[PDB]
Structure formats: structure tokens, C-alpha cells
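The block underneath contains the structure these notes are about, expressed in C-alpha cells.
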Amino acid sequence: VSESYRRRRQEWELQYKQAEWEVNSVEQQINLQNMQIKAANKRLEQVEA
Amino acid sequence: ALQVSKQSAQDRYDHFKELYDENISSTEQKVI
């Protein structure tokens with residue numbers, strides 16, 4: 001029975017590592033849209049000018 | 001940002017290779 005502890009442990013441990021890389025990943029949307037919005041705001045220059 | 005995709009997939013490759021492959025010893029075999 002002593003191995004069952006390790007077995008149950010490792011799936012949770014690896015899923016936590018999964019969450020780590022997932023949160024690393026999602027930053028892409030933050031910077032992508034920051035750029036998007038600032039550029040689109042500037043694009044009004046062409047219209048108003 | 002997508003360098004995180006290689007981070008995740010590389011870690012998965014590593015994890016599962018180390019997990020399944022060449023498993024050995026009394027650390028498991030002790031009871032037999």
C-alpha cells in the first residue's frame with residue numbers, strides 16, 4: 001500500500017505544473033490586445049485629421 | 001509567448017519518458 005500515496009500525489013503535482021505553464025502562456029493575450037488597442041486608438045488620427 | 005508551448009510539451013515529454021521508461025528496483029519491487 002505505501003506506493004498508493006506517491007501515485008495519487010504525482011497526478012496532482014503534474015497538473016499543478018500544467019497550471020504553471022498555462023498561466024505563463026496566457027500573457028500573450030494581454031500584450032497582444034494592449035498593442036491592438038493602442039494602435040487602433042492612434043488610427044483615429046487618420047480620420048480626424 | 002508561444003515559447004510556453006515548448007515549455008509545456010518538453011516538460012510533458014520529459015515527465016512521461018522518465019515515468020514509464022526504464023522503471024526499476026525494490027522501491028516498487030519490495031513486496032514480490
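Ordering of the C-alpha cells sets the chain letters (A, B, ...); residue numbers start at 1 within each chain; ligands are numbered from 1 in the order shown.
By chain and then residue number, the residues within 12 Å of region 16-28 of chain B are residues 1, 2, 3, 4, 6, 7, 10, 11 and 14 of chain A; 9, 10, 11, 12 and 32 of chain B, counting only C-alpha atoms and disregarding those fewer than 4 positions away in sequence.
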With a cut-off of 6 Å, could you pull out the residues of chain A touching chain B and give me the nearest pair of atoms for each, distance in Å to one decimal, using only C-alpha atoms, ordered by chain and ascending number, as CSV?
```
residue,atom,partner,partner_atom,distance
A:21,CA,B:8,CA,6.0
A:25,CA,B:4,CA,5.5
A:28,CA,B:1,CA,5.4
```
Out of chain B, which residues get alpha helix (DSSP H) from DSSP, as a ChimeraX atom specification?
/B:3-20,26-29
Filtering to N, CA, C and O atoms, could you give me those residues as a PDB file, in the first residue's frame?
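Output file out.pdb follows:
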```
ATOM      1  N   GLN B   3       6.643  30.356 -26.824  1.00  0.00           N
ATOM      2  CA  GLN B   3       7.699  29.520 -26.251  1.00  0.00           C
ATOM      3  C   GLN B   3       7.201  28.740 -25.030  1.00  0.00           C
ATOM      4  O   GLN B   3       7.811  27.735 -24.632  1.00  0.00           O
ATOM      5  N   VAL B   4       6.059  29.134 -24.468  1.00  0.00           N
ATOM      6  CA  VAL B   4       5.485  28.368 -23.372  1.00  0.00           C
ATOM      7  C   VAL B   4       4.954  27.037 -23.880  1.00  0.00           C
ATOM      8  O   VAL B   4       4.900  26.051 -23.134  1.00  0.00           O
ATOM      9  N   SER B   5       4.570  26.976 -25.156  1.00  0.00           N
ATOM     10  CA  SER B   5       4.114  25.712 -25.716  1.00  0.00           C
ATOM     11  C   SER B   5       5.232  24.683 -25.712  1.00  0.00           C
ATOM     12  O   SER B   5       5.019  23.527 -25.323  1.00  0.00           O
ATOM     13  N   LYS B   6       6.444  25.093 -26.100  1.00  0.00           N
ATOM     14  CA  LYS B   6       7.567  24.173 -25.993  1.00  0.00           C
ATOM     15  C   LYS B   6       7.903  23.891 -24.541  1.00  0.00           C
ATOM     16  O   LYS B   6       8.276  22.765 -24.212  1.00  0.00           O
ATOM     17  N   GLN B   7       7.738  24.872 -23.653  1.00  0.00           N
ATOM     18  CA  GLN B   7       7.976  24.591 -22.242  1.00  0.00           C
ATOM     19  C   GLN B   7       7.095  23.442 -21.766  1.00  0.00           C
ATOM     20  O   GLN B   7       7.585  22.427 -21.252  1.00  0.00           O
ATOM     21  N   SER B   8       5.794  23.554 -22.023  1.00  0.00           N
ATOM     22  CA  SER B   8       4.833  22.548 -21.589  1.00  0.00           C
ATOM     23  C   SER B   8       5.083  21.205 -22.253  1.00  0.00           C
ATOM     24  O   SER B   8       5.137  20.170 -21.581  1.00  0.00           O
ATOM     25  N   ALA B   9       5.221  21.196 -23.577  1.00  0.00           N
ATOM     26  CA  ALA B   9       5.336  19.924 -24.278  1.00  0.00           C
ATOM     27  C   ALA B   9       6.658  19.236 -23.965  1.00  0.00           C
ATOM     28  O   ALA B   9       6.707  18.006 -23.845  1.00  0.00           O
ATOM     29  N   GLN B  10       7.737  20.007 -23.818  1.00  0.00           N
ATOM     30  CA  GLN B  10       9.019  19.429 -23.446  1.00  0.00           C
ATOM     31  C   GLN B  10       8.943  18.828 -22.060  1.00  0.00           C
ATOM     32  O   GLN B  10       9.456  17.729 -21.818  1.00  0.00           O
ATOM     33  N   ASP B  11       8.322  19.548 -21.128  1.00  0.00           N
ATOM     34  CA  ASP B  11       8.181  19.018 -19.784  1.00  0.00           C
ATOM     35  C   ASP B  11       7.329  17.759 -19.781  1.00  0.00           C
ATOM     36  O   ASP B  11       7.598  16.824 -19.024  1.00  0.00           O
ATOM     37  N   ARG B  12       6.311  17.704 -20.638  1.00  0.00           N
ATOM     38  CA  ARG B  12       5.489  16.503 -20.745  1.00  0.00           C
ATOM     39  C   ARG B  12       6.289  15.323 -21.284  1.00  0.00           C
ATOM     40  O   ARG B  12       6.226  14.212 -20.744  1.00  0.00           O
ATOM     41  N   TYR B  13       7.013  15.542 -22.381  1.00  0.00           N
ATOM     42  CA  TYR B  13       7.901  14.523 -22.931  1.00  0.00           C
ATOM     43  C   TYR B  13       8.863  13.997 -21.873  1.00  0.00           C
ATOM     44  O   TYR B  13       8.970  12.782 -21.659  1.00  0.00           O
ATOM     45  N   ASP B  14       9.539  14.912 -21.174  1.00  0.00           N
ATOM     46  CA  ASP B  14      10.458  14.537 -20.102  1.00  0.00           C
ATOM     47  C   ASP B  14       9.747  13.717 -19.034  1.00  0.00           C
ATOM     48  O   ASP B  14      10.201  12.629 -18.658  1.00  0.00           O
ATOM     49  N   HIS B  15       8.648  14.258 -18.507  1.00  0.00           N
ATOM     50  CA  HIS B  15       7.900  13.628 -17.429  1.00  0.00           C
ATOM     51  C   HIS B  15       7.508  12.206 -17.778  1.00  0.00           C
ATOM     52  O   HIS B  15       7.789  11.271 -17.027  1.00  0.00           O
ATOM     53  N   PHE B  16       6.859  12.025 -18.922  1.00  0.00           N
ATOM     54  CA  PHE B  16       6.359  10.704 -19.270  1.00  0.00           C
ATOM     55  C   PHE B  16       7.473   9.735 -19.649  1.00  0.00           C
ATOM     56  O   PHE B  16       7.373   8.540 -19.340  1.00  0.00           O
ATOM     57  N   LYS B  17       8.550  10.214 -20.281  1.00  0.00           N
ATOM     58  CA  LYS B  17       9.680   9.329 -20.542  1.00  0.00           C
ATOM     59  C   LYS B  17      10.292   8.837 -19.238  1.00  0.00           C
ATOM     60  O   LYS B  17      10.508   7.633 -19.052  1.00  0.00           O
ATOM     61  N   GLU B  18      10.551   9.757 -18.308  1.00  0.00           N
ATOM     62  CA  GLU B  18      11.109   9.376 -17.017  1.00  0.00           C
ATOM     63  C   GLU B  18      10.144   8.491 -16.244  1.00  0.00           C
ATOM     64  O   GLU B  18      10.567   7.598 -15.502  1.00  0.00           O
ATOM     65  N   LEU B  19       8.846   8.723 -16.425  1.00  0.00           N
ATOM     66  CA  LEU B  19       7.807   7.988 -15.718  1.00  0.00           C
ATOM     67  C   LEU B  19       7.755   6.536 -16.161  1.00  0.00           C
ATOM     68  O   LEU B  19       8.026   5.619 -15.378  1.00  0.00           O
ATOM     69  N   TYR B  20       7.418   6.311 -17.425  1.00  0.00           N
ATOM     70  CA  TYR B  20       7.289   4.946 -17.909  1.00  0.00           C
ATOM     71  C   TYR B  20       8.646   4.273 -18.040  1.00  0.00           C
ATOM     72  O   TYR B  20       8.870   3.189 -17.489  1.00  0.00           O
ATOM     73  N   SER B  26      13.610  -2.268  -6.141  1.00  0.00           N
ATOM     74  CA  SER B  26      12.807  -2.627  -4.982  1.00  0.00           C
ATOM     75  C   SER B  26      11.924  -1.489  -4.501  1.00  0.00           C
ATOM     76  O   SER B  26      10.980  -1.743  -3.753  1.00  0.00           O
ATOM     77  N   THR B  27      12.221  -0.243  -4.878  1.00  0.00           N
ATOM     78  CA  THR B  27      11.365   0.862  -4.461  1.00  0.00           C
ATOM     79  C   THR B  27       9.917   0.562  -4.794  1.00  0.00           C
ATOM     80  O   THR B  27       9.001   0.999  -4.089  1.00  0.00           O
ATOM     81  N   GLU B  28       9.701  -0.186  -5.868  1.00  0.00           N
ATOM     82  CA  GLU B  28       8.428  -0.782  -6.226  1.00  0.00           C
ATOM     83  C   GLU B  28       8.394  -2.276  -5.942  1.00  0.00           C
ATOM     84  O   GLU B  28       7.415  -2.782  -5.385  1.00  0.00           O
ATOM     85  N   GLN B  29       9.466  -2.985  -6.301  1.00  0.00           N
ATOM     86  CA  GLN B  29       9.510  -4.443  -6.296  1.00  0.00           C
ATOM     87  C   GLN B  29       9.582  -5.068  -4.903  1.00  0.00           C
ATOM     88  O   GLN B  29       9.439  -6.289  -4.786  1.00  0.00           O
TER      89      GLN B  29
END
```
